[PDB]
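K.L.:
When you get a sec, could you give me coordinates for this:
(10 chains)
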Amino acid sequence: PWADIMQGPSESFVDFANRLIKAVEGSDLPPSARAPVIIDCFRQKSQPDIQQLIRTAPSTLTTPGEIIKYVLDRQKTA
Amino acid sequence: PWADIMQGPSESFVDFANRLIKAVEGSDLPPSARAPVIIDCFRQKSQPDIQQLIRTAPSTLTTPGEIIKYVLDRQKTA
Amino acid sequence: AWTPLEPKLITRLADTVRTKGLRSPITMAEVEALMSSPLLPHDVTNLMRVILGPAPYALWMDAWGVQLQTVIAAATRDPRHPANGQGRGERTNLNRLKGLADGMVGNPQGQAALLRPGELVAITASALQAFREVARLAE
Amino acid sequence: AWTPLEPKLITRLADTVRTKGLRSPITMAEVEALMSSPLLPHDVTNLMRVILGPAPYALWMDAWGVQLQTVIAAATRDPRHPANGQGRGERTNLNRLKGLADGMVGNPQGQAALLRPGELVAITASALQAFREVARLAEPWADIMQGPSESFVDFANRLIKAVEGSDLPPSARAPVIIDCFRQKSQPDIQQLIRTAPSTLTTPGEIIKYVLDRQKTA
Amino acid sequence: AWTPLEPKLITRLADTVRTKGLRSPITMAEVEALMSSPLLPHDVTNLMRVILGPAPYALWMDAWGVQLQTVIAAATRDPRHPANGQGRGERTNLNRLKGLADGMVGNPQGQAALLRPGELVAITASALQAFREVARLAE
Amino acid sequence: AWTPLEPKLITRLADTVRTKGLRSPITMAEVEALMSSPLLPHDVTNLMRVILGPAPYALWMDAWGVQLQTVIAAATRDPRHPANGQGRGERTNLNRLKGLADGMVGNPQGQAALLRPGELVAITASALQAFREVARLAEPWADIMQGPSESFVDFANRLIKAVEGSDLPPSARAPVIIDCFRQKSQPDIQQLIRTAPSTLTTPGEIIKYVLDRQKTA
Amino acid sequence: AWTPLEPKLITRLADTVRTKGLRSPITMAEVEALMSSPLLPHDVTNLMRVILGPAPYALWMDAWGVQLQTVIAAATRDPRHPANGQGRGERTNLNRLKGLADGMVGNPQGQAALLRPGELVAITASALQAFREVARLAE
Amino acid sequence: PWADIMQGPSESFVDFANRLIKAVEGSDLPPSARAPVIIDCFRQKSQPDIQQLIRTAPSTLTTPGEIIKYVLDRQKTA
Amino acid sequence: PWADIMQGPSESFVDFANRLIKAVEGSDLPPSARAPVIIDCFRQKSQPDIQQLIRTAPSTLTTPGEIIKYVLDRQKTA
Amino acid sequence: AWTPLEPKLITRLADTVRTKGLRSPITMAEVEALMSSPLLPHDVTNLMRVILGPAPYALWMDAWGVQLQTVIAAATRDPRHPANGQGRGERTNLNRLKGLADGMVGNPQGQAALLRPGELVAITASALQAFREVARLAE
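P.N.:
Numbers count the residues shown, from 1 in each chain, chains lettered A, B, ... in the order given. Structure as follows:
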């Protein structure tokens, strides 16, 4: 179930994005509703450090690929 | 007193902005000194998460309304 | 001749905004109700001053200015705007829309005198869209 | 006539990407191999759908779009693009490059019919550059030292890899590689490079000199 | 018309270079095999980019440039080079040999269009000699 | 008319070099101060004789000769040198630059008579560059990190100093300084530079941005 | 004829900047003192090179360029600039302001020859404003 | 006396070079005979470790400054 | 036999060069193969101090006389 | 007509070099004695082959070549060399100095035929200077 996917405290972001995109594209949603759902799940899941990282984006991110690129650039190396 | 207003740890930002604008406009300042004071109080009060959110603004915010809009857009949903 | 809105209706609308919030469908319906007749910039400005708090009022002033600027861009993109005229001497400046033009600053009677009905309806629609934006933004 | 790529080659390439990763030189060589003939947007799109995971695939779609947009800007900046024509009626829109134009959506045969060879090679080069970007993004030069027991060719390989796969401009890589050869590369090789009767002005020349005069041990 | 080399053959050759090394007679035989048809500068450049590591690739670029310069000196020493022509307008510059000339940078199709067969065989022999030098130098 | 430098200023500068060393920024600032007006070869030679010890003075004579030779090569490469003239009879020989020409050996008055202002400024710049070389030689950029307690302007000063006073080409200093700002400068400032809505393409712009948005503490 | 500033005054000013900082009113007064006579681009450039550290010097170069660009915009907005002339042949380019024009690069004598007094005072005021900006920014 | 100057067993090389250049330039030699004497004194004095370091110089050193630079580069840190 | 000639631990270099050139020129090699053999025997014989001295030659030595001159210049006086 | 040097004098000089060494003043005097008449390249070459060992002979060949090259540079710097002529057809190449030119290789008679007396004295002085260099270098 896509709506139950959370980014674990120790999980990296690319694994979380892979799992989420897999569960959203392999589901019962229409094809035209996958990108907005993936974006809004990146924003509300993806534990509050990345949540604030996406929130304070000086540019407007309108695609899952752009969000992934931005987060991978500005992520907290740890 | 406007210079004693802090954003509480649990208080939202719109309540803090309302309280601050109320106390600044209902005070003894000249009319031409309210906007700069409100801006500089948004920047130095408004606990360090929002302080850093305003500091790292790719655009220059030159009005309390613009600062409020920016912070409401990029705020950490919690 | 300018007639002010009832302070009783304004008080009821302010309490509605206070209890239900800015985004409830009942609040938007009430605003649409009090936004029925074309209002002068003075009326809408005082209405938003009374019903909205300080910070939402600042946000609303910003949004109203932006929407009025979009309207004026569309107006310079089409000389057949119901606010415009046929000649260049009737072109509508933002000072005339925001009520800042000559003979209008602080005077609602003169405002109602010089303003066009198309000007009034454009100002009103702009204010409604700005209210919607601020309501969607505040919460 | 459109001929699909072998699913056997695609399966082998997918397992290569799965074990070696996106950035290994063997993986890039394999991608260059399967990127030999000019592919139609359908082919490259399905290839990246199969070999890449979901998140790298999203990143790659983004990067491919950006590179194709740069290509279309260069195309409107020069009417002599091998994808363009002489008249204005042959100007190539991004719907035709991404395979979204009329008569192409979902149909590889019609795609192969209407597309130009210049269009195909431009799409292919764009996709290769996008793959390189995403590979560099999915997974520090100034922290690289030559270990006490490490040979010099391994150190040079590691350093050139980290310098070329970094955020430096292209015109700043050679001087940085040289000055890192001189200051890293433990003091025996440091003195070997310092006492060079000739002036070495290229990483290849420094590597050749050091390999010639190195202390066999 | 330009046809690329098979990535399967290139992968097999890369693994051969990886296990046997650069100097084994089997590796040189395999390189001679994949060096049979006259290759365009694009082909040889990408081939050496894939089969060789970074440092051997730098060494090979150096050696290839030196050998091509010797070829161009012999070409200016004899106007009957299979890469040259009879008039002075067909003299071959190093930008045309390394693929850096106009209409060739990054485009293998245009490369194959403007290049001569003598140019191709000279480039190929130069690249083979450079590979031999680098292989003798690396180990 | 030639006027000598004050022995009081020279004594103060000599004691500065004696206590602070050759490489301190205060010492280089003092040298730039006493290198303000264009000096005659006699002045610079005696100045370096007094402020520098014997071995640094030998090194400085060597470096000054090399830099003057580079200047004379550039002068024979361009007949429009402010030291040269239009005809061939005004070409400037190294005997005239080092003060060894006829009518100049040991005589500062005649020196000041025959020398050109362009000659003087070229000699002065050459001597300054030679002093910088010898100071860097008498007593590594890729090892510079911003300390946990160090401010950012101190780190930037140290890094720019070590990068500009090194063996890199002049055209490779700005990219290296930028990429060292990005990878050094402990992860708070690293993330501050990473999340820059604008693209920063100059060390000054990066410094300004970081100074604006830095965490006051 | 160009006369350099005393290295004694420059050393004293550098030590003042070193002990008091960039923003103290005594430091700004000292800078105003050494900014009394109109300086040539060479003078101000070397002065800021000596008194400022590397990073403040980079910031100051940036700010000086921006202020000079504002000056040149005002100059193209008014043909009566004391740096400009009446005809179009006296229009002042940024290469002439920053000392980069022909006959000026590295030569202070030629600089003093070709520059106008209005040019000098504009450059000086621009440099002073840039110093103020950088001082307000550094601390 | 310049011809009696030796580099002590514990003395550094820059001190020895300073002392030697001082004694050679402040002596009765002609000006055109100081550099060759300084070089040949660097080569024969300057205890046998530095003697062998100068002897095995792949380049030809023809100036006291160049010899000093070379020795300072390749000296045995101790 | 030329291929059995080694520079002894205590032997000087000119004696070794004399012995090697004697044995190479008084042998069964063609005249056009003596110089390369003498060079490659200087490089592989001539105990590792001189081997490294010849290896780290900033110039390319392409003649036995040039190698002998270089080694005699930069040899470790002992 | 070419006359060879006496093998008795050459044997005595070889034994002198063997007992006294290369650098003794008596040895240099003896060499100056046997270097009195201008010798052909054949004579000096065989003389140095006999009196010098293998390694000093290699060194001497090197030094002789270098000195002859300096002589040829001075010759191209002055068309009035006693080895040169007035026209360009008498310019002396190093093949003619080292005895490598056409009609001279291995034949001393033809050598003596085509060579100039200025050529002979220049070759002789060059060989003497080269001998001095090698003698100073060997010990």
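K.L.:
and the closest residue to residue A:66 other than its chain neighbours, what does it touch?
P.N.:
Excluding its sequence neighbours, the residue lying closest to residue A:66 (C-beta to C-beta, 6 or more residues apart in numbering or on different chains) is residue D:62, at 5.6 Å. Heads up, the C-betas are built off the backbone N, CA and C, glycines and all. With contacts defined as C-beta atoms under 8 Å, 6 or more residues apart in numbering or on different chains, the neighbours of residue D:62 are A:63, A:65, A:66, A:68, A:69.
K.L.:
Show me which of those is closest to chain G.
P.N.:
Of all the contacts of residue D:62, the one with the least separation from chain G (C-beta to the nearest C-beta) is residue A:69, at 29.4 Å.
K.L.:
Run the angle between whatever helix or strand the closest one lives in and helix D:117-138 for me.
P.N.:
When elements are defined using DSSP states H and E, residue A:69 is found to belong to helix A:64-74. Calculated by axes from the mean of the first three to the mean of the last three C-alpha atoms, to 10 degrees, helix A:64-74 forms an angle of 40 degrees with helix D:117-138.
K.L.:
quick one: secondary structure of whatever residue of chain A ends up closest to chain G?
P.N.:
Using C-beta to the nearest C-beta, the closest approach of chain A to chain G is made by residue A:58 at 20.8 Å. Reducing the assignment at residue A:58 to three states with DSSP: H, G, I helix; E, B strand; the rest coil gives coil.
K.L.:
which element is the residue of chain A found nearest chain H on?
P.N.:
Chain H sits closest to residue A:77 of chain A, with a gap of 35.4 Å, by C-beta to the nearest C-beta. With the criterion set as DSSP H and E, no secondary-structure element contains residue A:77; it sits in neither a helix nor a strand.
K.L.:
Quick one: name whatever helix or strand follows the longest helix along chain A.
P.N.:
Under DSSP state H, the helix in chain A containing the largest number of residues is helix A:13-25. Once helix A:13-25 ends, the next helix or strand along the chain (criterion: DSSP H and E) is helix A:34-44.
K.L.:
Distance from the chain centre to the next helix or strand after that following helix, please.
P.N.:
In the C-terminal direction, the helix or strand that comes right after helix A:34-44 (DSSP H and E) is helix A:48-55. The chain centroid and the centroid of helix A:48-55 are separated by 10 Å, computed with C-alpha atoms, centre = their mean, to the nearest Å.
K.L.:
swap in stretch A:19-29?
P.N.:
Taking C-alpha atoms, centre = their mean, one finds the center of stretch A:19-29 at 12 Å from the center of the full chain.
K.L.:
Kindly report the same for stretch A:50-63.
P.N.:
Taking C-alpha atoms, centre = their mean, the mean C-alpha location of stretch A:50-63 is offset from the chain mean by 11 Å.
K.L.:
next one: stretch A:11-21
P.N.:
Centroid separation between stretch A:11-21 and its chain, computed with C-alpha atoms, centre = their mean, is 7 Å.
K.L.:
again, but for stretch A:30-44
P.N.:
Offset of stretch A:30-44 from its chain centre (C-alpha atoms, centre = their mean): 9 Å.
K.L.:
With just CA atoms, put that stretch into CSV.
P.N.:
C-alpha atoms of stretch A:30-44 as CSV (Å, rounded to 0.1, in the frame of the first residue of the first chain):
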residue,chain,number,x,y,z
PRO,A,30,-4.9,6.2,-12.9
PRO,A,31,-1.8,7.0,-14.9
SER,A,32,-2.5,10.8,-14.7
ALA,A,33,-2.6,10.7,-10.9
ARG,A,34,0.8,9.1,-10.1
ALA,A,35,3.1,12.1,-10.3
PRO,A,36,1.1,14.4,-8.0
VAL,A,37,0.7,11.6,-5.5
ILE,A,38,4.4,10.8,-5.6
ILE,A,39,5.2,14.5,-5.0
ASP,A,40,2.8,14.9,-2.2
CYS,A,41,4.1,11.7,-0.6
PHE,A,42,7.7,13.0,-0.9
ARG,A,43,6.5,16.1,0.9
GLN,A,44,4.6,14.5,3.8
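K.L.:
Distance check, the residue minimising distance to the centre of chain A against chain B.
P.N.:
To find the centre residue of chain A, average its C-alpha atoms and take the closest one (C-alpha atoms, centre = their mean): that gives residue A:42, at 2.7 Å. Between residue A:42 and chain B the distance, using C-beta to the nearest C-beta, to the nearest Å, works out to 12 Å.
K.L.:
in chain A, what residue is nearest chain I?
P.N.:
Counting by C-beta to the nearest C-beta, chain A gets nearest to chain I through residue A:77 (42.0 Å).
K.L.:
how close does that residue get to chain B?
P.N.:
Applying C-beta to the nearest C-beta, the value for residue A:77 to chain B is 18 Å.
K.L.:
What separation do you get for that residue and chain E?
P.N.:
Residue A:77 sits at a distance of 25 Å from chain E (criterion: C-beta to the nearest C-beta).
K.L.:
again with residue A:1
P.N.:
In this structure, residue A:1 and chain E are separated by 41 Å, where distance is defined by C-beta to the nearest C-beta.
K.L.:
Most proximal residue of chain A with respect to chain C?
P.N.:
residue A:55 (14.0 Å).
K.L.:
Would you list the phi and psi of residue A:30?
P.N.:
phi -60, psi 160 (degrees, to the nearest 10).
K.L.:
and if you look at residue A:75?
P.N.:
The phi and psi torsions at residue A:75 (degrees, to the nearest 10) take the values phi -80, psi 150.
K.L.:
ok, it to chain J distance?
P.N.:
In this view, residue A:75 and chain J are 66 Å apart by C-beta to the nearest C-beta.
K.L.:
go on, residue A:73?
P.N.:
Distance from residue A:73 to chain J, counting by C-beta to the nearest C-beta: 63 Å.
K.L.:
gap between that residue and chain E?
P.N.:
Counting by C-beta to the nearest C-beta, the separation of residue A:73 from chain E is 25 Å.
K.L.:
Over in chain A, which residue gets nearest chain J? Let me know.
P.N.:
Ranking the residues of chain A by distance to chain J (C-beta to the nearest C-beta) places residue A:77 first, at 61.3 Å.
K.L.:
Quick check: phi and psi at the closest residue to chain B within chain A.
P.N.:
Proximity to chain B, evaluated over chain A using C-beta to the nearest C-beta, is greatest for residue A:58 at 3.6 Å. Note on residue A:58: backbone dihedrals following degrees, to the nearest 10 are phi -60, psi -30.
K.L.:
How about the one 3 residues further on?
P.N.:
The phi/psi pair for residue A:61 (degrees, to the nearest 10) reads phi -100, psi 120.
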